[PDB]
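Trainee: I have a structure here, written as structure tokens, and I will follow up with some questions on it.
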């Protein structure tokens, strides 16, 4: 089997992407944030505190003939941005782009933090990291990809995110028309539960490539590219007037600037992020200070190849016995 679904930016900045997911019988379609940096499929639901729902589409398990409470199971998650959610668990039929998993754990939110409430476009998350991070207790549950893997033609999914445009998530096959050149594959460590790999270096604009190992995660659930402070400082030094602002919370730059590209290494291959991908617009409406899309990871504890980096590539998440990642230009 295979599945193919379109993923769509939630706003004009590509702050996140949403993909429609069918849950239950008859289907209830919710728009989920596919997140290769976490491992819970959770949804706004009929059980979510009413004051914490503001425009999202909710899953109502009582209206699904295939929904079953997973007796005794609860979940609770905190994300790297300070947001959180928690609730109980059903099993139900979940389909993505024509690919169906029966008995998928669907984590029903009783509580969500304010950042989720305030984002009416995201009805929940679908985690695509390794199932070792799944928060369900006392019986940890598998991700949608883990449950589907055995039935897939090939044990892979691919992320093809668009710049200011829709893209595609494919399950079970590699669309050879979706990229240029060849896919370069690189080793993955699953020791932290993430799609963790080592980039071979970087370049700023037309500058020379710096060979240096940068360990990081391929994370579709993070908007920006978070890299070591040395690398980020070298990038922003090429933009006149750019500075790190503690009050804003990162590097800002004059909105009048033309940004240079940023290149990262995948083995001997190179992925070029055009400068425009690094512009996240005015820090506040009407401001002439613009927020940068490459930021320091120094306060995180890990480097994060988020959407800014991933949208420049066709990315293969290879879930074979020994997982690997693949990157191609497109």
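By Swiss-Prot numbering, chain A shows 90-419, in order.
Looks like X-ray crystallography, 1.4 Å, at least that's what the header says.
Including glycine, each Cβ sits where the backbone N, Cα and C put it.
Straight out of Swiss-Prot:
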DOMAIN    106-417  domain 'Peptidase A1'
ACT_SITE  124  active site
ACT_SITE  288  active site
DISULFID  344-379  disulfide bond
Trainee: Say you check the Cα of residue 288 (active site) against those of the recorded positions 124, 344, 379; which is nearest?
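Mentor: With Cα distances computed to residue 288 (active site), the winner among 124, 344, 379 is 124.
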Trainee: List, in sequence order, the same-chain residues at least six positions removed whose CB sits under 8 Å from that of residue 379 (disulfide bond)?
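Mentor: The list for residue 379 (disulfide bond) reads 341, 342, 343, 344, 346, 368, 369, 370, 371, 372, given in order along the sequence.
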Trainee: Restricting to the same chain and to sequence separations of six or more, state which residues have a Cβ under 8 Å from that of residue 124 (active site).
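Mentor: Once residues fewer than 6 apart are set aside, residue 124 (active site) is near 214, 215, 216, 217, 218, 308, 309, 310.
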Trainee: Note down the number of other Cβ atoms within 10 Å of the Cβ of residue 288 (active site), including every protein chain shown.
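Mentor: The answer is 22.
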Trainee: Please report the number of other Cβ atoms within 10 Å of the Cβ of residue 344 (disulfide bond).
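Mentor: Result for residue 344 (disulfide bond): 15 neighbouring Cβ atoms inside 10 Å.
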